[PDB]
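Asks: Let me give you the structure first, and then I'll get to my questions.
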Amino acid sequence: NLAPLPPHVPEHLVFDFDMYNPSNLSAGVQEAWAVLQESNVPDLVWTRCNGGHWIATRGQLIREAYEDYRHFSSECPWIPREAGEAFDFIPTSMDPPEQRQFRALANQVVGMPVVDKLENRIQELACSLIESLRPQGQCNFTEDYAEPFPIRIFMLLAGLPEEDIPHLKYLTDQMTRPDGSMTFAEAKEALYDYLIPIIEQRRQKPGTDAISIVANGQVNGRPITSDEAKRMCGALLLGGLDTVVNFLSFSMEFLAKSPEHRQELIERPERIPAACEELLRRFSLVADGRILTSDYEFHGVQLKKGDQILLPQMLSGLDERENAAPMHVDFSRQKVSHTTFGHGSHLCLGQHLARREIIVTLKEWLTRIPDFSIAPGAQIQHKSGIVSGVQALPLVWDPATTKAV
Ligand code: HEM
Ligand SMILES: [K+]
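The sequence shown lines up with residues 10 to 414 when you count with PDB author numbering.
See the structure below:
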């Protein structure tokens, strides 16, 4: 259950937070993680759960640690330790300076330019998907939109057949929110098994998809290996198969329970981008960490070489020391401060594709289905992990109140 407290960790800084099953999970994931920012919780605590590790609970500690890659390496960014040791995706598991040459190549396949090309296809799928649901007066948001909308776009960018989705979605899920059926190492191996033949095929007959680009690309001049390409594609898959999907559910869940917020975006649609950003703050969902490369005293606390430290990207924006009334959603918030797409040299390369997908969704959905509620009596369940998510979101609505385009 609880790993014995290392001799160097102070007894008074112990807070046994379980990142995969947080005590207040019923109150909502963010609410569950926010218990870390309650009155008597220190800036940095040690939890004996999951092998034991440090956890920065406030924004400036989280931001500072992400900026200092010399002390907080991404070498072992996953918890538990054995998962963080198996974690070898590129560029996610590399620290500057070597990280840069690989990050540039990845930025070329999912970057802004790529997003602009993909826009019209993103809108079609959004509308196509929404219009088909419109008349039914109901849906299971997670499997009827949250998943297919962003995943099909990714599989399109990657040039992978949609039939592989069930298998890939399962693998990435086990990496972020393991249900126990398989370890991170096992899921990685299976993911690599999937990619190997694809990378070599795409490398023989070069296409124009993200995978072909990576497999045939160069890192600051020299040719990328078949292995480096495999570790890079893994990162891209992990990144765009699990993230946007779960976030869309947090947003739509909130919108379903908040008609005043819905009508605001209805009457004033130009504020949608702003709402997108505020929503990304309030419903941030990623939380991974770093490993100490040497003994180091951080904020009056002695950290030992090898110690793992969870730096919850999610907690920064929920930090009342960053945003007043952090748990309150305000589309007009003056300065939306957050680290939802990370901080430092590993800033999310897919943030632009993510924002686009979120904004297009808000627009097209409210345009066709402005009024909708959560199925009556439905107890919504969140799941916690490296990436938190929503188990299911049943939505209902009167078709008579909808409008086709
Ligand atoms: C709501 C959507 C998303 C959120 C909140 C998000 C969040 C994050 C975070 C917090 C990190 C930093 C991890 C660290 O520092 O260890 C990250 C990295 C990354 N994400 Fe995103 N992500 C999202 C969507 C995506 C998508 C759709 C893609 C694929 C197109 C993607 C690709 C990546 C990549 C490749 C990295 C690694 C960057 C590096 O290591 O330099 N992400 N993301
Ligand atoms: K590793």
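Heads up, the beta-carbon is just placed ideally off N, CA and C, and yes, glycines get one too.
In chain order, which continuous runs of the alpha helix (DSSP H) of length 4 or greater are located wholly inside the region 200–259?
Replies: If we require 4 residues or more, the alpha helix (DSSP H) runs fully inside the region 200–259 come out as 219–224.
Asks: With which residues is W63 paired in a DSSP beta bridge?
Replies: For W63, which the question treats as bridged, DSSP gives the partners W55, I318.
Asks: Apart from the five residues on each side of it in sequence, which residues of its chain come closer than 7 Å, Cβ to Cβ, to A238?
Replies: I208, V223, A224, listed in sequence order.
Asks: Determine the contact status of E287 and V345, defining contact as a CB-CB distance below 8 Å.
Replies: Yes. Within cutoff.
Asks: Just mark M241 as buried or exposed, buried being the case when its beta carbon has 16 or more other beta carbons within 10 Å.
Replies: Classification for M241: buried.
Asks: Could you name the residues whose beta carbon sits closer than 7 Å to any heavy atom belonging to ligand 2, keeping them in chain order?
Replies: The set, ordered by position in the chain, is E84, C85, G93, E94, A95, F96, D97, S102.
Asks: Is any heavy atom in ligand 1 found nearer than 7 Å to the beta carbon of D297?
Replies: Yes, the Cβ of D297 comes within 7 Å of a heavy atom of ligand 1.
Asks: Considering only their Cβ atoms, is the gap separating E373 from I139 smaller than 8 Å?
Replies: Yes, they are a contact pair.
Asks: Within the continuous beta strand (DSSP E) that includes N149, where are the two ends?
Replies: It spans 147–149 - the beta strand (DSSP E) in which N149 sits, taken as one unbroken run.
Asks: Where do the ends of the alpha helix (DSSP H) carrying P403 lie?
Replies: Segment 403–405 is the beta strand (DSSP E) holding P403; no alpha helix (DSSP H) there.
Asks: For the candidate residues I88, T217, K178, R211, whose alpha-carbon lies nearest to that of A199?
Replies: Ranking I88, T217, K178, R211 by Cα distance to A199 puts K178 first.
Asks: Where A65 and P16 are concerned, what is the direct C-alpha to C-alpha distance, given to the nearest angstrom?
Replies: The straight-line gap from Cα to Cα measures roughly 20 Å.
Asks: Pair every Cβ in the region 317–332 with every Cβ in the region 62–81, then say whether three or more of these pairs are closer than 8 Å.
Replies: Touching, yes.
Asks: Any heavy atom of ligand 1 within a distance shorter than 7 Å of the CB on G394?
Replies: Checking every heavy atom of ligand 1 against the Cβ of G394, none is found closer than 7 Å.
Asks: Taking the DSSP output, what are the residues bridged to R299?
Replies: For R299, which the question treats as bridged, DSSP gives the partners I318.
Asks: What three-state label does DSSP hand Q311 in the structure shown?
Replies: Here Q311 sits in strand by DSSP.
Asks: Roughly how many whole angstroms lie between the Cα atoms of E276 and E73?
Replies: Roughly 40 Å separates the two Cα atoms.
Asks: Quick one, are the C-beta atoms of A265 and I383 less than 8 Å apart?
Replies: Contact flag set, yes.
Asks: Taking only the alpha-carbon atoms, compute the straight-line gap between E171 and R161 and give it to the nearest angstrom.
Replies: Those two C-alpha atoms are separated by around 7 Å.
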